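Structure below is model-v8.txt: compact mmCIF, C-alpha atoms (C1' of nucleotides).
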# COMPACT_ATOMS: atom_id res chain seq x y z
CA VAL A 488 33.48 4.54 28.53
CA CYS A 489 31.47 6.74 30.90
CA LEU A 490 29.19 8.08 28.14
CA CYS A 491 27.24 6.42 25.32
CA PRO A 492 26.12 9.17 22.93
CA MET A 493 23.78 8.15 20.13
CA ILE A 494 21.56 9.86 17.56
CA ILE A 495 18.06 8.50 16.99
CA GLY A 496 16.61 9.10 13.53
CA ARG A 497 13.39 7.55 12.28
CA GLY A 498 11.08 5.95 14.82
CA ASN A 499 9.60 2.47 15.02
CA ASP A 500 7.27 3.47 12.15
CA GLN A 501 10.23 4.42 9.90
CA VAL A 502 9.22 8.09 10.12
CA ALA A 503 11.68 10.85 10.96
CA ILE A 504 11.24 12.51 14.36
CA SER A 505 12.98 15.75 13.39
CA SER A 506 11.67 18.82 15.20
CA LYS A 507 11.13 20.73 11.97
CA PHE A 508 9.06 23.91 12.15
CA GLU A 509 6.64 22.68 9.48
CA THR A 510 6.22 19.35 11.33
CA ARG A 511 5.69 20.64 14.89
CA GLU A 512 1.93 20.07 14.61
CA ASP A 513 2.34 16.71 12.85
CA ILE A 514 0.67 13.88 14.75
CA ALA A 515 3.10 11.19 13.54
CA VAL A 516 6.22 12.81 14.99
CA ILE A 517 4.66 13.72 18.34
CA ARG A 518 3.55 10.12 18.92
CA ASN A 519 7.11 8.86 18.43
CA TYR A 520 8.47 11.41 20.91
CA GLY A 521 6.10 10.05 23.55
CA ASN A 522 6.82 6.51 22.36
CA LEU A 523 10.57 7.13 22.64
CA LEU A 524 10.20 8.44 26.19
CA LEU A 525 7.98 5.48 27.11
CA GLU A 526 10.47 2.62 26.79
CA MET A 527 13.33 4.96 27.69
CA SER A 528 11.72 5.68 31.07
CA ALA A 529 11.81 1.94 31.86
CA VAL A 530 15.48 1.26 30.99
CA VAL A 531 17.40 4.12 32.67
CA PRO A 532 16.32 4.59 36.31
CA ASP A 533 16.49 7.40 38.88
CA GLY A 534 16.60 10.45 36.67
CA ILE A 535 16.00 11.43 33.05
CA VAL A 536 16.51 15.00 31.82
CA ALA A 537 14.72 16.11 28.65
CA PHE A 538 15.26 19.45 26.90
CA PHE A 539 12.83 21.01 24.42
CA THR A 540 13.32 23.76 21.86
CA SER A 541 10.97 26.23 23.55
CA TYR A 542 8.18 26.54 26.10
CA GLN A 543 5.60 26.96 23.32
CA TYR A 544 6.70 23.67 21.77
CA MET A 545 6.95 22.16 25.26
CA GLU A 546 3.37 22.93 26.29
CA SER A 547 2.00 21.67 22.97
CA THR A 548 4.07 18.49 23.30
CA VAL A 549 2.58 17.41 26.63
CA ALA A 550 -0.92 18.42 25.51
CA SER A 551 -0.78 15.93 22.64
CA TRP A 552 0.60 13.27 24.98
CA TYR A 553 -2.10 14.01 27.56
CA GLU A 554 -4.85 13.86 24.92
CA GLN A 555 -3.73 10.37 23.87
CA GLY A 556 -3.57 7.43 26.25
CA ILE A 557 0.23 7.52 26.26
CA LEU A 558 1.32 10.05 28.90
CA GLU A 559 -0.36 8.04 31.66
CA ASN A 560 1.90 5.08 30.85
CA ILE A 561 4.96 7.24 31.53
CA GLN A 562 3.43 8.46 34.81
CA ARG A 563 3.32 5.02 36.44
CA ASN A 564 7.00 4.42 35.58
CA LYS A 565 8.49 7.81 36.50
CA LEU A 566 7.13 11.05 37.91
CA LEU A 567 6.70 13.80 35.31
CA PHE A 568 8.04 17.18 36.44
CA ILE A 569 7.66 20.27 34.24
CA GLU A 570 9.94 23.29 34.58
CA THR A 571 8.16 26.65 34.30
CA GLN A 572 9.34 30.23 33.96
CA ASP A 573 8.66 31.00 37.63
CA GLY A 574 11.81 30.66 39.71
CA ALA A 575 10.02 29.72 42.93
CA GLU A 576 7.92 27.04 41.22
CA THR A 577 11.03 25.73 39.46
CA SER A 578 12.93 25.47 42.75
CA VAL A 579 10.28 23.35 44.48
CA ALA A 580 9.93 21.20 41.34
CA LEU A 581 13.69 20.63 41.39
CA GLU A 582 13.54 19.98 45.15
CA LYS A 583 11.01 17.17 44.73
CA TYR A 584 12.93 15.89 41.69
CA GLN A 585 16.11 15.49 43.76
CA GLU A 586 14.37 13.36 46.39
CA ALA A 587 12.41 11.42 43.76
CA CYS A 588 15.68 10.30 42.18
CA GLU A 589 17.14 9.74 45.66
CA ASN A 590 14.82 6.77 46.21
CA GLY A 591 13.61 4.21 43.67
CA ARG A 592 10.47 6.02 42.52
CA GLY A 593 12.31 7.93 39.80
CA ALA A 594 11.30 11.08 37.97
CA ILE A 595 11.47 12.89 34.64
CA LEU A 596 12.72 16.48 34.41
CA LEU A 597 11.20 18.35 31.46
CA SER A 598 12.70 21.74 30.62
CA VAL A 599 13.95 23.93 27.76
CA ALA A 600 17.47 23.98 26.32
CA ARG A 601 17.64 27.79 26.45
CA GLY A 602 16.50 28.15 30.04
CA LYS A 603 18.00 29.20 33.35
CA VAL A 604 17.69 25.63 34.65
CA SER A 605 19.76 24.14 31.80
CA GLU A 606 23.01 25.61 33.16
CA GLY A 607 21.92 26.69 36.65
CA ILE A 608 22.21 23.15 38.04
CA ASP A 609 24.64 20.26 37.55
CA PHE A 610 23.42 16.67 37.19
CA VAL A 611 25.93 14.73 39.28
CA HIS A 612 26.02 10.92 39.17
CA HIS A 613 22.79 9.07 40.08
CA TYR A 614 20.96 12.26 39.04
CA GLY A 615 19.85 12.49 35.43
CA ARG A 616 21.47 9.29 34.19
CA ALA A 617 19.94 9.98 30.75
CA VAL A 618 19.80 13.29 28.88
CA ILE A 619 17.32 13.53 25.99
CA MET A 620 17.37 16.26 23.34
CA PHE A 621 14.01 16.47 21.54
CA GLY A 622 15.21 18.00 18.29
CA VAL A 623 17.95 20.50 17.51
CA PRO A 624 17.37 23.57 19.71
CA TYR A 625 17.14 26.54 17.33
CA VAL A 626 16.71 30.05 18.70
CA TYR A 627 13.56 31.77 17.44
CA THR A 628 14.20 34.01 14.43
CA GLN A 629 11.48 36.47 15.49
CA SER A 630 11.92 39.83 17.30
CA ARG A 631 14.28 40.93 14.47
CA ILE A 632 17.29 40.67 16.79
CA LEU A 633 19.12 37.50 15.71
CA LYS A 634 18.75 38.43 12.03
CA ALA A 635 20.38 41.79 12.77
CA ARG A 636 23.36 39.93 14.24
CA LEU A 637 23.37 37.54 11.27
CA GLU A 638 23.49 40.44 8.79
CA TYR A 639 26.31 42.15 10.70
CA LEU A 640 28.41 38.98 10.79
CA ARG A 641 27.62 38.35 7.11
CA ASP A 642 29.40 41.41 5.68
CA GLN A 643 31.99 41.88 8.46
CA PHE A 644 33.37 38.50 9.57
CA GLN A 645 32.06 36.56 6.53
CA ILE A 646 30.11 34.27 8.86
CA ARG A 647 27.69 31.91 7.15
CA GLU A 648 24.15 32.52 8.38
CA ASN A 649 23.34 28.80 8.44
CA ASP A 650 26.63 27.93 10.16
CA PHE A 651 26.13 30.45 12.97
CA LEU A 652 22.62 29.14 13.63
CA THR A 653 24.00 25.59 13.51
CA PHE A 654 26.86 26.65 15.80
CA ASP A 655 24.46 28.27 18.26
CA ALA A 656 22.05 25.32 18.11
CA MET A 657 24.75 22.71 18.72
CA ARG A 658 26.56 24.76 21.38
CA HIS A 659 23.50 24.90 23.65
CA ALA A 660 22.60 21.29 22.84
CA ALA A 661 26.11 20.04 23.64
CA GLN A 662 26.43 22.24 26.74
CA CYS A 663 23.32 20.92 28.49
CA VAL A 664 23.88 17.29 27.44
CA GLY A 665 27.43 17.52 28.82
CA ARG A 666 26.28 18.16 32.39
CA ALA A 667 25.57 14.47 33.08
CA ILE A 668 29.29 13.62 33.45
CA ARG A 669 30.75 15.26 36.57
CA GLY A 670 33.56 13.16 38.00
CA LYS A 671 35.59 10.18 36.84
CA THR A 672 33.25 7.67 38.48
CA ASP A 673 30.20 9.45 37.05
CA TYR A 674 28.46 7.96 34.02
CA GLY A 675 25.41 8.83 31.98
CA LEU A 676 23.45 8.29 28.78
CA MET A 677 23.21 10.84 25.96
CA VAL A 678 20.62 10.64 23.17
CA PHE A 679 19.48 12.92 20.35
CA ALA A 680 15.88 12.66 19.13
CA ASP A 681 16.43 14.21 15.71
CA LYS A 682 17.76 12.99 12.36
CA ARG A 683 19.32 16.42 11.78
CA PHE A 684 21.98 15.58 14.38
CA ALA A 685 23.08 12.63 12.23
CA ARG A 686 24.38 14.94 9.49
CA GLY A 687 28.13 15.52 9.47
CA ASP A 688 27.81 19.31 9.58
CA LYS A 689 26.28 19.07 13.08
CA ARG A 690 28.23 16.08 14.41
CA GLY A 691 31.45 18.02 13.88
CA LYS A 692 30.03 20.73 16.14
CA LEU A 693 30.11 18.31 19.09
CA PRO A 694 33.11 18.52 21.44
CA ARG A 695 36.01 16.21 20.72
CA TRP A 696 35.55 14.29 23.98
CA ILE A 697 32.16 13.12 22.67
CA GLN A 698 33.05 12.60 18.98
CA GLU A 699 35.19 9.49 19.53
CA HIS A 700 32.47 7.83 21.63
CA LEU A 701 29.81 8.55 18.97
CA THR A 702 30.28 5.48 16.80
CA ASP A 703 28.99 5.61 13.23
CA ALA A 704 27.02 2.38 13.83
CA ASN A 705 24.37 4.22 15.88
CA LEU A 706 23.58 7.45 14.04
CA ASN A 707 20.19 6.66 12.48
CA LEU A 708 18.98 3.75 14.64
CA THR A 709 15.31 3.62 15.60
CA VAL A 710 13.70 3.91 19.03
CA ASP A 711 13.72 0.15 19.59
CA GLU A 712 17.38 -0.08 18.57
CA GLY A 713 18.26 2.82 20.87
CA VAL A 714 16.60 1.07 23.81
CA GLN A 715 18.70 -2.06 23.24
CA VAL A 716 21.91 -0.01 23.16
CA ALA A 717 20.88 1.77 26.37
CA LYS A 718 20.07 -1.53 28.10
CA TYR A 719 23.41 -3.05 27.10
CA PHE A 720 25.37 0.05 28.14
CA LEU A 721 23.77 0.48 31.56
CA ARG A 722 23.96 -3.25 32.33
CA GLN A 723 27.75 -3.37 31.94
CA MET A 724 28.43 0.03 33.55
CA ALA A 725 27.21 -1.05 37.01
CA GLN A 726 30.02 -3.55 37.61
CA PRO A 727 32.77 -2.65 40.10
CA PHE A 728 36.01 -1.21 38.75
CA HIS A 729 39.39 0.02 39.99
CA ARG A 730 40.64 3.54 40.63
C1' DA B 1 51.93 -32.63 -26.58
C1' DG B 2 53.22 -28.79 -22.63
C1' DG B 3 52.92 -24.42 -20.37
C1' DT B 4 50.73 -20.18 -19.39
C1' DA B 5 47.77 -16.21 -20.39
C1' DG B 6 43.60 -14.36 -20.36
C1' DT B 7 38.77 -14.71 -18.39
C1' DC B 8 34.76 -14.82 -15.46
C1' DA B 9 32.15 -15.95 -10.47
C1' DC B 10 32.80 -12.96 -6.72
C1' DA B 11 35.39 -9.71 -3.24
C1' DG B 12 38.30 -5.42 -1.80
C1' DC B 13 40.28 -0.69 -2.47
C1' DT B 14 41.01 3.94 -4.66
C1' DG B 15 39.98 8.34 -7.11
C1' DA B 16 36.62 11.35 -8.59
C1' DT B 17 31.52 12.79 -9.65
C1' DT B 18 26.64 14.50 -9.02
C1' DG B 19 22.75 14.58 -6.26
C1' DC B 20 19.68 15.53 -2.61
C1' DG B 21 18.96 17.73 2.41
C1' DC B 22 19.36 22.43 4.55
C1' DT B 23 14.38 26.19 4.96
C1' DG B 24 12.57 30.13 3.81
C1' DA B 25 9.74 34.09 0.48
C1' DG B 26 5.63 35.67 -3.40
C1' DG B 27 0.73 33.79 -4.85
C1' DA B 28 -4.58 31.34 -3.89
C1' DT B 29 -7.84 29.47 0.24
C1' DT B 30 -20.03 35.14 15.92
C1' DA B 31 -22.15 40.20 18.72
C1' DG B 32 -24.94 44.90 17.38
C1' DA B 33 -29.49 46.80 14.51
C1' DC B 34 -33.86 44.74 13.15
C1' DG B 35 -37.54 42.75 13.65
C1' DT B 36 -41.20 40.25 16.39
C1' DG B 37 -43.54 38.43 20.58
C1' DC B 38 -45.49 38.83 24.95
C1' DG B 39 -47.04 40.66 29.19
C1' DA B 40 -48.04 44.61 32.50
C1' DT B 41 -50.42 49.04 31.95
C1' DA B 42 -53.04 54.21 30.29
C1' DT B 43 -58.11 56.23 28.70
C1' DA C 1 -62.32 46.71 28.58
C1' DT C 2 -58.57 47.88 24.65
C1' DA C 3 -54.61 49.90 22.71
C1' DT C 4 -49.47 51.16 24.65
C1' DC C 5 -44.74 50.90 26.99
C1' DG C 6 -41.32 47.85 29.25
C1' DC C 7 -39.04 43.64 28.87
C1' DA C 8 -37.44 39.92 26.60
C1' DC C 9 -36.14 36.87 22.60
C1' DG C 10 -34.20 35.76 19.08
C1' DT C 11 -31.80 36.53 13.98
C1' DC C 12 -29.00 38.80 9.59
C1' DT C 13 -24.89 40.79 8.61
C1' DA C 14 -20.40 42.37 9.26
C1' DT C 15 -15.54 49.47 10.10
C1' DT C 16 -11.58 46.09 7.90
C1' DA C 17 -4.12 41.22 8.49
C1' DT C 18 -4.34 33.14 6.60
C1' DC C 19 -1.70 28.55 4.19
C1' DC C 20 0.53 26.72 -0.43
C1' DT C 21 4.94 25.30 -3.93
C1' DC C 22 10.22 27.45 -6.36
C1' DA C 23 15.74 28.79 -5.14
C1' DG C 24 22.96 27.47 -4.13
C1' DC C 25 26.09 24.87 -1.33
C1' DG C 26 27.92 21.18 1.30
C1' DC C 27 27.91 15.94 2.90
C1' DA C 28 26.56 11.47 1.07
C1' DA C 29 25.01 7.93 -2.70
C1' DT C 30 27.13 6.47 -7.17
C1' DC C 31 30.45 4.79 -10.56
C1' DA C 32 34.67 3.76 -13.47
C1' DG C 33 39.03 1.79 -12.90
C1' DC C 34 42.13 -1.38 -10.95
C1' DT C 35 43.37 -5.42 -8.58
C1' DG C 36 43.13 -10.18 -5.71
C1' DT C 37 41.45 -15.60 -5.58
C1' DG C 38 40.03 -19.54 -7.47
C1' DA C 39 39.31 -22.78 -11.36
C1' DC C 40 38.50 -22.98 -16.48
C1' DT C 41 39.22 -22.96 -21.26
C1' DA C 42 41.86 -22.92 -24.74
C1' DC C 43 45.79 -22.26 -28.16
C1' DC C 44 50.36 -22.10 -30.62
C1' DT C 45 54.87 -23.94 -31.79
Give the structure from this file in structure tokens form.
Amino acid sequence: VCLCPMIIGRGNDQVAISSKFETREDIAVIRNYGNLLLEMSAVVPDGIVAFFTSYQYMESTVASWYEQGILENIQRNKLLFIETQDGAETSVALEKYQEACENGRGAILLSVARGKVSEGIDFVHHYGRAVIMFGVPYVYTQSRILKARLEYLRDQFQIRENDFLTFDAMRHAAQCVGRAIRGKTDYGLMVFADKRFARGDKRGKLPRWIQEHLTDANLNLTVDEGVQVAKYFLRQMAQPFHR
DNA sequence: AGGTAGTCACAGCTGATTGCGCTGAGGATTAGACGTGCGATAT
DNA sequence: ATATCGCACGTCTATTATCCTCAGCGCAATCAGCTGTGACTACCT
């Protein structure tokens, strides 16, 4: 098995880490997100890719981590690289990320699910061994553009408004997380930092080549349980095999 | 007096049933005028 | 030598767009029914 998908629900404090709109500013959830990335950065080496819902949520996420004495712990393990809207600044950040994963220093690539870097690059083996989805990526309902499409599909194709948003959210989430497996010898780790993924309505939106590897045993396991699964998976995936 | 048929300590399965998670809308939560004050200046 | 203008130093008031608690429909917790294993207890002809 070249992939080990798993969905992480409540954290070590038995509190859900869902990226709900009403809980974006909650201090309990943001601590677990940093806590999840802390032990995760020390189990999967040479490349971790993390996608956030939006830049606005991304900048507020690191600010809370920086304010607490938690982000510095991640720094000494892996280098933190932040993807910005500027193409030139993104390119140099990706350039240093590639060489950081090339040697043993390691690095973390922080970006947005709905960004040009999510699909503009491919994470081949030894690059981005772990892909982390911090919550279900939902497109912003503002600008009165998506709702216009939702209304049109409502009375024309009988498309459920919730289903289309779920379909769009899971499509982008599954597309970016599926870029860590390029080649038969390639392997990677796939995680989901949201209890909303654990629901059947969103699991069924994952591609069939990931459904069979997503065992029902690990759908609501905590951060500590997820680390143990990651350690066991990576330990046995480094052994030599046959073509 | 002999044989067996319920019967209760668990366990499994099945078919349903109903019960809560999925967000989102209508109602309660410190810089200009106005003075002074002070210091450099007309009669 | 004493009132008078420039400069400064504040202070009161405001010509004007924020955060809480009630709604169907689908996936999951719940339950009645039935049966399987083992020994037990007893009862009629």
>> Using all atoms listed in the file, can you tell me which of A:619, A:646, A:597, A:677 comes closest to residue A:721?
In response: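 Distance minimum relative to residue A:721 lands on A:677.
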> Looking at A:656, A:525, A:535, A:557, which one is nearest to residue A:618, with distances taken over all atoms listed in the file?
Replying inline: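 Ranked by minimum distance to residue A:618, first place goes to A:535.
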> Taking (34.9, 2.0, -10.8) in the file's coordinates as the center, which residues reach within 10 Å of it, counting all atoms listed in the file, put as a PyMOL selection string?
Replying inline: (chain B and resi 14-16) or (chain C and resi 30-34)
9 Å contact set for residue A:720, all atoms listed in the file, chain neighbours under 5 positions out, as an mmCIF file with C-alpha atoms, keeping the file's coordinate frame:
data_model
loop_
_atom_site.group_PDB
_atom_site.id
_atom_site.type_symbol
_atom_site.label_atom_id
_atom_site.label_comp_id
_atom_site.auth_asym_id
_atom_site.auth_seq_id
_atom_site.Cartn_x
_atom_site.Cartn_y
_atom_site.Cartn_z
ATOM 1 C CA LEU A 490 29.190 8.080 28.140
ATOM 2 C CA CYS A 491 27.240 6.420 25.320
ATOM 3 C CA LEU A 676 23.450 8.290 28.780
ATOM 4 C CA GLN A 715 18.700 -2.060 23.240
#
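Take the candidates A:575, A:511, A:523, A:517 and check each one against residue A:712 using all atoms listed in the file; the shortest distance goes to A:523.
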>> With 8 Å as the limit and counting all atoms listed in the file, what residues in chain A lie close to chain C? Please list them as a PyMOL selection string.
In response: chain A and resi 686-688
> Closest to residue A:608 among A:577, A:564, A:548, A:698, using only C-alpha atoms?
Replying inline: A:577
>> Would you mind listing, as a list in words, all residues of chain A that have at least one atom within 12 Å of chain B, where only C-alpha atoms (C1' of nucleotides) are what counts?
In response: residues 507, 508, 509, 628, 648, 649, 650, 652, 653, 682, 683, 685, 686, 687, 688 and 689 of chain A
>> At a cut-off of 9 Å around the point (-33.8, 42.5, 18.3) (file coordinates), what residues fall inside when counting only C-alpha atoms (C1' of nucleotides)? I'd like the answer as number ranges by chain.
In response: B: 33-36; C: 9-11
>> Which residues are near residue A:526? Cut-off 9 Å, all atoms listed in the file, ignore same chain within fewer than 3 positions. Put them as a ChimeraX atom specification.
In response: /A:522-523,529-530,561,710-711,714
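Put simply, atom CA of residue A:692 is 29.0 Å away from atom CA of residue A:571.
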> Please, what distance in Å, to one decimal, runs between atom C1' of residue B:26 and atom CA of residue A:634?
Replying inline: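 Those two atoms sit 20.4 Å apart.
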> residue B:40: which residues within 10 Å, counting all atoms listed in the file, same-chain residues fewer than 6 positions away excluded, as a ChimeraX atom specification?
Replying inline: /C:5-7
> Which distance in Å separates atom CA of residue A:703 and atom CA of residue A:494, to one decimal?
Replying inline: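 Taking atom CA of residue A:703 as the start and atom CA of residue A:494 as the end point, the length is 9.6 Å.
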Extending 3 Å beyond the listed atoms of stretch 6-13 of chain C on each side, what axis-aligned box results? I want centre and edge lengths in Å to one decimal, as lines of an AutoDock Vina configuration file.
center_x = -33.1
center_y = 41.8
center_z = 18.9
size_x = 22.4
size_y = 18.1
size_z = 26.6
